[PDB]
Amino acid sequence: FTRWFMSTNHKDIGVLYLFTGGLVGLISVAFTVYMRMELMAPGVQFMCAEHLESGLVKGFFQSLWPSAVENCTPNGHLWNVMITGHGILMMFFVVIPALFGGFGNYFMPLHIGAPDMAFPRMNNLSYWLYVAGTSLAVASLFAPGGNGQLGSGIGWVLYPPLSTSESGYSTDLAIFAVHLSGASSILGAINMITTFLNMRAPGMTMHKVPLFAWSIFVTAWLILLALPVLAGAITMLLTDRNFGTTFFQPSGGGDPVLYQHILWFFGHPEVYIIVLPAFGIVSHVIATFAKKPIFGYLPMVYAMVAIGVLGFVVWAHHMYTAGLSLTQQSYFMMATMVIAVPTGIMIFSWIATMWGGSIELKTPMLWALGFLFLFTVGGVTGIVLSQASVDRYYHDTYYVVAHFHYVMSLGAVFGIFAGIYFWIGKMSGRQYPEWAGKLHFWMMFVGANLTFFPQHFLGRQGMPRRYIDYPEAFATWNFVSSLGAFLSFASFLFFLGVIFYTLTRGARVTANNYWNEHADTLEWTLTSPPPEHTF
């Protein structure tokens, strides 16, 4: 029934987060398909001004079919709206809601032997604020916006004066959306921290807490510091747009660069809020399927804490070309390099955890190993970008896009997939079919590499970010990238098939622990699914 939505139980809320995150993921992924349809070839074939003169619905379907260049007036604003929609949905309404709100709410309490979250109704509220925020973001796409069209074509980070001068009220809706999102994450963090601190089961000591619970804990702290700052940043945009302030407008004494400092002060932490829960999931998964315990438990906790705190003093590496002094450029370069040490080290610990084990190549372990390959490919590419001298060339090119899709987008996505296959049995009492999980993995892994690796070539050749159209010479690797993205999309549709199949007619789960003895955390001592009231 409706009930579901009124539940206050950490298991029910985690499930709600996972499903909603998955549907929004579907929408944002669909946006990327459309993006890749347009980037597949030079010249604009899909995003034609001519489609505006039709209705919303007829205009939609016309824009999914290619036109001859001679019949297609390039509509740059639609490109910029899609890109912004894609990025905003992913960064606020997809991966954190699924990792933190989803697996966080479900499994952190079970990991620490807590009966429920400290503030159950507050947890129900956080979900509703996420949904309200999602609604406003989606709504902004249909609201009067820039250049006398719908939607905001301003990029996920909302730089002024572009963001502050975008026509209509679409941008205001998007700001509200982000407020509601931050609120959602703030409540969630309060709840995670309080629970972690006050409600550990008798015997459960900080040094005996499972890594996933740790990763959620550290993530919750970064949220408490980072999200209020973002809320400042975006209120300042709201006041410049509606209430005559001039924080970012030079004619009133403003500096647009001020916004960047404040936004990126959130913006970096944000990328660690995304992967930390994935770090948690990868640790449990590798331990389980290597049938070994976690290598260097304590150094992992410290690495996670170090990264969490150092991620607050690196922001301006997103600003090497915004007009920072040589001294600032140099400091931030070195801070960024220091944080690269405990980050890259963790690859070694996971390999060490496999080393000497008894390795079983089941689907969750595939995702975990993929995570290790992709995280590395993304990370080394961050090394390059950290050198401001070389960032001069790469900044605002497809090389940066390749970097973050490897390290951040796919890292989170492979983490999410590892978790789902690892725990669907536990959460539902039904098991996924092994061959399909493996097939999903190979399609997704081949597809994601075809999509993003060639974007490195595009960056090197100088292809800028946020372009609806590009010079002829960028054609080849854009074409390969788009084929990879279509294959990835097929892998995901197939995955939705696999999930539908699993939940409606998957093999019945019989055991508390359907893996093995080395899946040794508390959820495996409970039934599948766990009882309504646990512990």
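Start at 1 with the first residue shown and count on from there.
The mean C-alpha temperature factor is higher for 48-56 when 48-56 and 22-30 are set side by side. In this crystal structure, the stretch out of 242-250 and 93-101 whose C-alpha atoms carry the higher mean B factor is 242-250. Note on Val157, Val446, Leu78, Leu326: the highest value goes to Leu326, judged by CA B factor as recorded.
Of the candidates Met204, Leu366, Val401, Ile420, it is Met204 whose Cα B-factor is highest according to the PDB record.
Residue-level temperature factors show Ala485 in the lowest third of its chain, judged at the C-alpha atom. Ranked against the other modelled residues of its chain, the C-alpha B-factor of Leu503 as given in the entry falls in the middle third. For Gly87, the recorded CA B-factor ranks within the lowest third of the chain. Only modelled residues enter the ranking.
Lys291: CA B factor lies in the highest third for its chain, per the PDB record. In the PDB entry, a CA B factor belonging to the lowest third of its chain's modelled residues is recorded for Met463.
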